[PDB]
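Going by the authors' numbering, the letters in the sequence shown line up with residues 4 to 125, 127 to 260, in that order.
Ideal Cβ placement from N, Cα and C applies to all residues, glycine included.
Structure first, commentary second.
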Amino acid sequence: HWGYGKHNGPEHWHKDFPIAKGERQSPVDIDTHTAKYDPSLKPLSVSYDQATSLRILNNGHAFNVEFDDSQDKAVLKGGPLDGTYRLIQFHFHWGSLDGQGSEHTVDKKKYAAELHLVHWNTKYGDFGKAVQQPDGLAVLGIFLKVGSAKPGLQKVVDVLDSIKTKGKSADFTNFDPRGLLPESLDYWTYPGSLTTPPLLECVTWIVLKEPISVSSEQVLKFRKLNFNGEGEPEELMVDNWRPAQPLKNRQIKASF
Ligand SMILES: N[C@@H](Cc1ccccc1)C(=O)NCCOCCOCCNC(=O)c1ccc(S(N)(=O)=O)cc1
Ligand SMILES: [Hg+2]
Ligand SMILES: [Zn+2]
Numbered sequence: 004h005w006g007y008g009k010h011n012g013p014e015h016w017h018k019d020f021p022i023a024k025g026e027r028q029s030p031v032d033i034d035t036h037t038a039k040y041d042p043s044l045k046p047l048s049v050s051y052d053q054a055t056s057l058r059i060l061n062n063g064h065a066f067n068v069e070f071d072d073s074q075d076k077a078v079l080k081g082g083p084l085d086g087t088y089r090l091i092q093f094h095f096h097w098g099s100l101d102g103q104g105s106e107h108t109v110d111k112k113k114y115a116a117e118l119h120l121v122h123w124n125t127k128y129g130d131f132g133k134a135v136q137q138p139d140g141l142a143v144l145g146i147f148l149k150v151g152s153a154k155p156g157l158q159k160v161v162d163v164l165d166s167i168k169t170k171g172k173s174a175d176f177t178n179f180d181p182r183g184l185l186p187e188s189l190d191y192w193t194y195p196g197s198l199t200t201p202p203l204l205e206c207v208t209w210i211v212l213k214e215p216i217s218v219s220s221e222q223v224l225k226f227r228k229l230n231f232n233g234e235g236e237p238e239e240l241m242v243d244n245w246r247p248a249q250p251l252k253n254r255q256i257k258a259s260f
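Below you can see the structure in the form of structure tokens.
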């Protein structure tokens, strides 16, 4: 099926997922000179104090940290959003090299990784129904650059040994996501999609201006993961990102 290889790679998604060439994909290049300062845009409201992490899973394209979204425990509001969005999972996109990995680019500049915190609009009742709405999901995008280690990310890094192959999961409780946030909540927002099939166009993207720094040895551990399941040929989990798509008249608004 779909992957990042030269045969099932992004250039091919359109064949099974026609929406691949739609009007509101995901990711895009953020042209900061053409982005519109919108003063009407409110400050983002992140309440992750009550977050309930459960587990970490290698799903064959990335590793996901799942959160209990049975109640308004970890939410997102404000910004360009109306209503409350619940956090369900976070995952990353990284590269083979430090000079690539992020999905979204800023003035053509690519970061070494990209953190996506996924939220769904509670008014729709479940994740499943939210993916059928144009205002269904809200993803908080965070760039990672190589520098100094991120204390808050180490617990994740250390468990990676346990879920090296596809389909493996490990208990992952009491993980506090507040540790992955930059200092500033300045952002860019635009109407987009999911960056992996089924590439559904129900995402409001919120890309933070300020990048978090992680160390070289932190990113290195991401790179030791496998796309494959146990007892199969080893294919290192690298370059699990989608190239920038055409903006097509959409406008990118800045909160700053
Ligand atoms: N019920 C079917 C259709 C149907 C109906 C009747 C009979 C057969 C089929 C249906 O519509 N299923 C829709 C499923 O929608 C779920 C979307 O996929 C789930 C996993 N993908 C994600 O959750 C996901 C989340 C975030 C990102 S990202 N990268 O942009 O941050 C990328 C992906
Ligand atoms: Hg949708
Ligand atoms: Zn993602």
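C-beta contact flag for residue i and residue j at 8 Å
i	j	result
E205	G25	yes
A116	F93	no
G102	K111	no
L57	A77	no
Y7	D243	yes
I256	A174	no
Cα-Cα separation, residue i to residue j
i	j	result
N67	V160	10 Å
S217	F231	25 Å
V211	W192	5 Å
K80	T35	24 Å
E239	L229	8 Å
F20	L203	7 Å
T108	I33	6 Å
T199	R182	24 Å
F70	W97	22 Å
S259	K127	25 Å
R227	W245	13 Å
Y194	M241	29 Å
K45	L84	9 Å
heavy atom of ligand 2 below 7 Å from residue i C-beta
i	result
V135	yes
residue 265	There is simply no residue 265 to check, as the chain begins at 4 and stops at 260 in what is shown.
Residues that DSSP places opposite residue i in a beta bridge
i	result
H107	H107 is not bridged to any residue.
residue 297	With the chain covering 4 to 260 only, the question about residue 297 has no answer from this structure.
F176	Its beta-bridge partners do not exist; DSSP assigns none.
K76	Bridge partners of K76: none, in fact.
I59	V68 and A174
Ligand 1 heavy atom lying under 7 Å from the CB of residue i
i	result
residue 330	With the chain covering only 4 through 260, there is no way to say anything about residue 330.
residue 283	No answer is possible for residue 283: it lies beyond the span of the chain, which begins at 4 and ends at 260.
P46	no
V31	no
heavy atom of ligand 3 below 7 Å from residue i C-beta
i	result
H107	no
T199	yes
Residue of the options minimising C-alpha distance to residue i
i	options	result
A23	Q249, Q255 and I256	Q249
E236	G12, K170, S197 and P195	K170
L189	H4, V163 and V49	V49
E106	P138, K39 and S29	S29
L100	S43, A258, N253 and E221	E221
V207	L144, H10 and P13	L144
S197	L141, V150 and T177	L141
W209	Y40, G82 and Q136	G82
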